[PDB]
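Notes for the one structure printed next.
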Amino acid sequence: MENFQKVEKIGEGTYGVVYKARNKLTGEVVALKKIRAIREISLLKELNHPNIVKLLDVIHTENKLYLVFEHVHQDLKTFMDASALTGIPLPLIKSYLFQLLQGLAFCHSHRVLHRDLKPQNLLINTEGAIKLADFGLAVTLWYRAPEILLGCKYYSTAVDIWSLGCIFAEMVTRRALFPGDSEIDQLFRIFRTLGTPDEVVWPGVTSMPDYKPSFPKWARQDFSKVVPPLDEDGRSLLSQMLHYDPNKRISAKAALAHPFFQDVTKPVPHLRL
Ligand SMILES: O=C(Nc1cc([C@@H]2CCCN2)[nH]n1)Nc1cccc2c1[C@@H]1CCCN1C2=O
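Numbering-wise, the sequence shown is residues 1 to 36, 48 to 149, 164 to 298 according to the entry's author numbering.
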């Protein structure tokens, strides 16, 4: 719209492109997302929390839709790329995970799923906060829960916990946990690490629409091999976020009281700009 001046492309989102823009009327720098609903989006406008990027305005004009969000200094993927030589320090990984769980517990209690969590849409500021973006709107497959890969259409909030498990693991080891390049390769990288699932660990799995009896049968690896050198409290919380069965996967509210968070603090990151 004519009230905005775009400075540059910030990035592509699930349902559209995002630009950094300045709003002439306010002089504020903003993140402007041009889409490709009205009601489902206006609801999101009222979803405010410290760990959720704020939806400022919705502009439905000339049969077009633009969502105006607060602009956040940097994204987590850029931050992880910049720290891959020394790795993000643990006190910071723990702070970020804890704040992420708070925003997810808040969205989840309002029945709002994220569905596409990834480092690119996790936003961090100079003060140590982190925020969920590209939310409640509803291609990298790396953070996709197995139930989506197996063609389940009525998935739950547990899909977000799984994606968050994957990110947590990546922040610790500085390597993507399951970097698949197609849906079947994605499923197989998961099975190769966590074991091919069966009716014992995941009741109803052989009944998923895309489940095939011909899937190879792989043994599960130990998590101590998967996430060195995460401590035992961290590994145990992680194994609970990565349970195959969505009904057994830990919820965000429950994970907030896990012993891994006993010593959380909110350190300030060292970020370049
Ligand atoms: O506020 C920001 N800040 C930034 C900054 C950056 C960049 C990307 C390269 C360097 N840092 N991405 N996002 N981003 C932002 C704000 C509101 C909504 C969204 C986003 C991101 C961009 C990708 C999809 N996202 C959204 O749906």
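For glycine and all other residues, C-beta sits at the position ideal for the given N, C-alpha and C.
Distance, residue j Cα to residue i Cα
i	j	result
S264	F248	8 Å
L32	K250	42 Å
residue 160	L25	Missing here is residue 160: after 149, the next number in the chain is 164.
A149	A93	30 Å
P171	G220	12 Å
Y179	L115	19 Å
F240	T14	30 Å
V293	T137	7 Å
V164	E2	32 Å
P102	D68	35 Å
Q287	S181	28 Å
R260	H268	12 Å
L298	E8	15 Å
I104	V289	10 Å
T97	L108	19 Å
Cβ-based neighbour list, residue i, same chain, cut-off 6 Å, excluding 5 preceding and 5 following
i	result
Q131	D86 and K88
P284	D258
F117	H60
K291	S106 and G139
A144	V64, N132 and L134
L112	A277, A280 and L281
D127	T14
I99	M196
Beta-carbon separation (whole angstroms), residue i vs residue j, contact threshold 8 Å
i	j	result
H119	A277	6 Å
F80	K65	7 Å
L202	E208	Rounded, the Cβ-Cβ distance is 16 Å, inconsistent with contact.
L174	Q211	6 Å
residue 41	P234	There are no coordinates for residue 41 in this structure, because the numbering of the chain runs from 36 directly to 48.
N62	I141	7 Å
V17	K34	6 Å
Range covered by the beta strand (DSSP E) that runs through residue i
i	result
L133	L133 to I135
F80	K75 to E81
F4	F4 to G13
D68	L66 to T72
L32	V29 to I35
Own chain residues within Cβ distance below 8 Å of residue i, not counting five before or after
i	result
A48	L76
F216	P222, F240, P241 and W243
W167	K129, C191, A201, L202, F203, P204, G205 and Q211
residue 45	Within the gap of the chain, which runs from 36 to 48, lies residue 45, and it has no coordinates in the structure.
Residue range of the unbroken alpha helix (DSSP H) whose run includes residue i
i	result
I52	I49 to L55
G147	It is not in any alpha helix (DSSP H) - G147 carries neither H nor E in the DSSP assignment.
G16	Counting along the chain, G16 falls outside any alpha helix (DSSP H), though it belongs to the beta strand (DSSP E) covering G16 to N23.
Proximal residues to residue i (C-beta, below 7 Å), its chain only, five neighbours per side dropped
i	result
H121	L58
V252	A194, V197, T198, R260 and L263
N23	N3, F4 and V30
Runs of alpha helix (DSSP H) lying entirely within the segment 196–242, each at least 4 residues, in chain order: At a cut-off of 4 residues, the continuous stretches assigned as alpha helix (DSSP H) that sit fully inside the segment 196–242 are 208–219.
Segments assigned beta strand (DSSP E), at least 3 residues, entirely inside the segment 84–114: For the beta strand (DSSP E) assignment, the segment 84–114 encloses no uninterrupted run of at least 3 residues.
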